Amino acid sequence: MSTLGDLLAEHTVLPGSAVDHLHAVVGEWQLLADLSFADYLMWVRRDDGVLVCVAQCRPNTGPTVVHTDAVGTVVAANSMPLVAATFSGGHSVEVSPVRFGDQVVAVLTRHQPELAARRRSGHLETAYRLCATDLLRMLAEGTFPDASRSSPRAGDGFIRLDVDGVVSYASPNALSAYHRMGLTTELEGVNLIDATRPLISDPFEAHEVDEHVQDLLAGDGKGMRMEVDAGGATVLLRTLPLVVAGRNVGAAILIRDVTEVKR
């Protein structure tokens, strides 16, 4: 009886809406573990005030520090004072809440390698860690996840857009994919739509992408997954609007060149 669903039914009295939301978190948090270069555990609090670990993720972009399976672990609340308190007043372990409605419905613990063993902070690792912090804030504010097997992983290609839709960071993989798509220009410092629109092969899709990204940034649209042909290449795109305290602070875009994977 080991799934998140079985565990939440056994140990918890969360309503079906919050149960859905936690299922959605676990369905999405590979991206968080990858961008953080960290392990996460998800903890719920029963009636008893007793704590249960109901899910766990490891990063694919670096070593785990949680080699043992933690799921199903049931622990007295005072053996984890902070986690217990995060349910209340709201490894190198950081603790953060997951909100739904306005209740903390779960708490994540983040575990990662001690300082000299970790992914040295080049630009890629900085841009990823900064995005992980943005999503952790959305988790705490109850705005991510909102409401697939094939979507890009962070390592496939990562782009950070600022509020005006200007690329503030593009990973080497993302730049690789845009070159295969026909980009002969830099990506960083350029309006993403202006760089992207001319590359897209079908003129209807070109406009769809343009409108999507405009809506994303405006708060008019949710993130989407899409497959686009450009320049002989086929890329998969996944967009994620980023928000603080009810406002848009740009977007993350994941991209995967699937030209040869497709075929």
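All residue numbers refer to positions in the sequence shown, first residue = 1.
**Student:** Does the chain run continuously from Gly90 to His91, or are deposited residues unmodelled in between? Answer none, 1 to 3, 4 to 9, or 10 or more.
**Tutor:** Count of unmodelled residues in between: 10 or more.
**Student:** Counting only residues of the deposited sequence, how many between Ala116 and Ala117 have no atoms in the entry (none, 1 to 3, 4 to 9, 10 or more)?
**Tutor:** Per the record, no deposited residues are absent between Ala116 and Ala117.
**Student:** Higher mean Cα B-factor in the deposited model: 68-76 or 128-136?
**Tutor:** Of 128-136 and 68-76, the stretch with the higher C-alpha B-factor average is 68-76.
**Student:** Using the B-factors recorded in the PDB entry, average over the C-alpha atoms of 228-236 and of 213-221, then report which stretch comes out higher.
**Tutor:** So the stretch with the higher mean C-alpha B-factor is 213-221.
**Student:** Can you pull the Cα B-factors for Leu108, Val105, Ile159, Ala85 from the entry and say which is highest?
**Tutor:** Answer, based on the entry's C-alpha B-factors: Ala85.
**Student:** Once the chain's modelled residues are ordered by C-alpha B factor and cut into thirds, is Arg197 in the lowest, middle or highest one?
**Tutor:** According to the entry, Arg197 has a C-alpha B-factor in the chain's middle third.
**Student:** Quick one: classify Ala147 as lowest, middle or highest third of the chain based on its Cα B-factor.
**Tutor:** Tercile = highest for this residue's CA B-factor.
**Student:** Tell me, lowest, middle or highest third: where does the Cα B factor of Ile255 rank within its chain?
**Tutor:** CA B-factor rank for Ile255: lowest third.
**Student:** Test of reading the entry: by CA B factor among the chain's modelled residues, which third contains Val95?
**Tutor:** Highest third - that is where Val95 ends up once the chain's C-alpha B-factors are sorted.
**Student:** What third of its chain, lowest, middle or highest, does the C-alpha temperature factor of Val25 fall into?
**Tutor:** Lowest third - that is where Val25 ends up once the chain's C-alpha B-factors are sorted.
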